[PDB]
Amino acid sequence: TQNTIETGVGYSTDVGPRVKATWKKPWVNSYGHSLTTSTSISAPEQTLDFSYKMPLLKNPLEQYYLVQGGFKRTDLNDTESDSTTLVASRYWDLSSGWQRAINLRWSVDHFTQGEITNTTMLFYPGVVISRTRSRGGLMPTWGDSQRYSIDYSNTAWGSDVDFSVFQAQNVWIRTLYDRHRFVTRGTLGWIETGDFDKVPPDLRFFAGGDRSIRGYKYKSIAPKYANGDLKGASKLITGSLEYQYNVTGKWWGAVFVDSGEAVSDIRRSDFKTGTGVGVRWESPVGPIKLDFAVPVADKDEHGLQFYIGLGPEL
């Protein structure tokens, strides 16, 4: 067919309801080209992207250009942002599973972080290497994803700020005796810059929240200003261990521990840890999850955080 509407929904105690919706148009001409429009909506973040794919005649499934553009509005913690991005990319897929991409990103960001207000126009190249593999379906019995990236902004060719961003993340799924499923998750982040105040909050690191540190409020962990407002971190390390047990039928019970930090001086570790129990049901439409988590050994943070939605899990 010609148009497709995918549509997810979510809820969590920190963020509230959350709806995504994508509108894919798989062919637009006999030149292969395709278009995806996406939009996400929650109280704190709202997004609207477009993504235009153009296959190359020589090896059309392996190689393609991408043109993505987006708007984003953020109202979260001590962050307030208007964002507009454009990306030209060159992708090399392999049957070997690895996607390799060169990026050329443009953005204008109007933001307030705490009491600092700025307007940053960025223009930078970058590289991505990624691979997601799974086997056993929509709630895979086995799989892993890895994304590694490097972005390099320099003032020499028009960008507002000199910075280097390095990113890494792993997700690992393994089953043992068809009944004991283990989800393992790892995330590294690092931005080297002499002008952190000019960097948009999107490019700063914050920790906590679902798929970061369950039990802590979404993006609530990071260095503060002298006034106490959230500043954002130049370094992120977060991780999770989850064990899942198939109770009966398509019903699983899960126990998990997340832990991590967002710091600007890696010699000053401030590691926050969260923990909880959950349920997974393999619904006809994909895996539905439900998590309860509390903060662990924390004197300023307490309180149950609870989460529900259609998790991609990888």
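Residues numbered from 1 in each chain as written, not as in the entry; some residues may be left out. Heavy atoms only, no water.

For this deposited structure, the header cites X-ray crystallography as the method used and 2.900 Å as the resolution.

Visitor: Would you mind showing me how to read the overall build of the protein chain here?
Guide: When you go through the protein chain residue by residue, the secondary structure sums to 0 helices and 16 strands. Relative to a compact globule of 314 residues, whose C-alpha radius of gyration would be 20 Å, the protein chain shows 20 Å and is just as compact. Principal-axis analysis of the C-alpha atoms gives the protein chain an extent of 55 × 55 × 30 Å. Every one of the 314 residues in the protein chain was classed for burial, and the buried ones make up 40%. In the protein chain, 49% of the contacts between residues at least 6 apart in sequence involve partners at least 24 apart. Within the protein chain, one finds 35 positive and 34 negative side-chain charges whose respective centroids are separated by 7 Å. (Helix = DSSP H or I, 4+ residues; strand = E, 2+ residues; numbered from the N terminus. Rg over C-alpha atoms; globule rule 2.2 N^0.38 Å. Buried < 20%, exposed > 50% of the residue type's maximum accessible area, 1.4 Å probe, protein only. Contact = heavy atoms within 4.5 Å. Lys, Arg positive; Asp, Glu negative; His and termini not counted. Charge placed at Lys NZ, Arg CZ, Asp CG, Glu CD.)

Visitor: What is the right way to read the pattern of salt bridges from this model?
Guide: Opposite charge on two side chains makes pairing possible when the charged atoms of those side chains draw close. Evaluated as defined, the whole model comprises 18 salt bridges. For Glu-45, the salt bridge is made with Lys-72, and the minimal N-O distance between the two is 3.8 Å. Pair noted here: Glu-45 is in strand β4 (residues 45-55) and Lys-72 is in strand β5 (residues 63-76), with a separation of 27 residues, a long-range link. For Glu-45, a relative accessible area of 12% corresponds to the buried category. Given the relative accessible area of 24%, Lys-72 is considered partly exposed. Between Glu-242 and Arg-214 there is a salt bridge, with the nearest N and O atoms lying 2.7 Å from each other. Of the two residues, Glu-242 is situated in strand β12 (residues 235-248) and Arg-214 in the loop between β11 (180-193) and β12; the sequence distance between them amounts to 28 residues. Each member of the pair, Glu-242 as well as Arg-214, is classed as buried. Put simply, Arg-214, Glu-242, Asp-258, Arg-280 and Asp-291 are held in one network by salt bridges that share partners. (Salt bridge = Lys/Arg side-chain N within 4 Å of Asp/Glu carboxyl O.)

Visitor: How should I be thinking about the layout of surface pockets in this particular structure?
Guide: Gaps left between atoms show up when a probe the size of a water molecule is rolled over them. One number sums up the size of the second largest pocket: a volume of about 400 Å³. Around the second largest pocket, the lining is made up of 17 residues, and of these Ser-220, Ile-221, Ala-222, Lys-224 and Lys-272 lie nearest the centre. Here the lining of the second largest pocket is composed, by residue class, of 7 nonpolar, 3 polar and 7 charged. (1 Å grid on protein atoms, 1.4 Å probe; cavity = no way out; pocket = protein on both sides within 12 Å on 5 of 7 lines; lining within 4 Å. Points joined across faces, edges and corners; volume = space filled by probe spheres on them. Nonpolar A, V, L, I, M, F, W, Y, C, P; charged D, E, K, R; others polar.)

Visitor: Help me understand empty space enclosed by the protein in this model?
Guide: For the structure on display, the rule yields 2 cavities of 30 Å³ or more. Its boundaries defined by the atoms lining it, the largest cavity holds a volume of some 120 Å³. Of the residues forming the lining of the largest cavity, the biggest block, 3 residues, is contributed by β5. Grouping the amino acids of the lining of the largest cavity by side-chain chemistry returns 4 nonpolar, 5 polar and 5 charged.

Visitor: Any chance you could explain the pairing of strand β7 (residues 99-113) here in plain terms?
Guide: It is a general feature of regular strands that their side chains alternate between the two faces of the sheet. Judged from the 14 bridges that link them, strand β6 (residues 79-92) and β7 form a sheet pairing that is antiparallel. Each residue of the ladder has a partner; that of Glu-80, found in β7, is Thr-112. Count of turn residues in the β6/β7 antiparallel hairpin: 6 residues, of which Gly-97 carries a positive phi of about 95°. Bridge count for β7 against strand β8 (residues 116-135) is 15 bridges, and the pairing is antiparallel. Across the sheet, residue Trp-106 finds its bridge partner in β8, namely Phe-123. Here β7 hands over to β8 after 2 residues, with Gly-114 in that stretch at a positive phi of 60°. (Pairing = 2+ DSSP bridges.)

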